[PDB]
């Protein structure tokens, strides 16, 4: 009857560990289910990576139009955008778009290099008040999702709070803020997850993640019509159901949250 026990049932059926955080900016109303447990980020870190790059652009230490050249030797598996541009390279802006909207692994690695590595991303997160999220490794090894491993993890509550600070706070310039929002709104990988359980008229930006040990994640900023945005972070790991069913778990979280929020 309570959202918390609805999620426990759903978590039971998934065979894994489910983490949910909701941060409604209209009210400050938070919700958490395992909100302070660590979960593997997998590709959800790429939303933070893009923010860190934009911070440099605001600082004048990076330009969105700067062209990065690379080769076949740089290509990491699942690189559907960067694999097409070994011959002409891609700009920093194009790499951010590829990392966010397609989870392009090579794009993420090239942006990490422009930033100074996973330690540089973690330091950026510390500088903006996130004392929990950490990136340690590169693509594709950060997707190992080994239980009990703190490397490359966040908590649902910390991720939602960090998304609020970056997408709605003062950390980024209004131009960079809107650009990060625009990239998330254009995401191509999340049609079967949170989006599949949200009202059709909701405006959604999201970043998915997928990894070993049955790991399937989705984090989002959501604008209901004529309403302040809501930040949602859903992490599922150690799952024992197949890929489509893991997607369905995330969609059902969105359905249960909206229902619980409207009644």
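Positions refer to the first chain, counted from 1.
**Q** Between 189-197 and 112-120, which has the higher average C-alpha B-factor in the PDB entry?
**A** It is 112-120 that shows the higher mean C-alpha B-factor.
**Q** Of 214-222 and 54-62, which one has the bigger average CA B-factor?
**A** Mean CA B-factor is higher for 54-62.
**Q** Out of 228, 48, 234, 42, which one has a C-alpha B factor higher than all the others in the entry?
**A** Among 228, 48, 234, 42, the highest C-alpha B-factor in the entry belongs to 228.
**Q** Could you say which of 184, 158, 135, 76 has its CA atom at the highest B factor, as listed in the PDB entry?
**A** It is 76.
**Q** So where's residue 37 on the chain's Cα temperature factor ranking, which third?
**A** According to the entry, residue 37 has a C-alpha B-factor in the chain's middle third.
**Q** Going by the recorded CA B-factors, say which third of the chain residue 21 sits in, lowest, middle or highest.
**A** As the PDB entry reports it, the C-alpha B-factor of residue 21 lands in the lowest third of its chain.
**Q** Which third of the chain holds residue 80 when residues are ordered by C-alpha B factor: lowest, middle or highest?
**A** CA B-factor rank for residue 80: lowest third.
**Q** Lowest, middle or highest third: which one holds residue 179 when the chain's residues are ordered by CA B-factor from the entry?
**A** Middle third - that is where residue 179 ends up once the chain's C-alpha B-factors are sorted.
**Q** Quick check for you: using the entry's CA B-factors within this chain, is residue 173 in the lowest, middle or highest third?
**A** Tercile = highest for this residue's CA B-factor.
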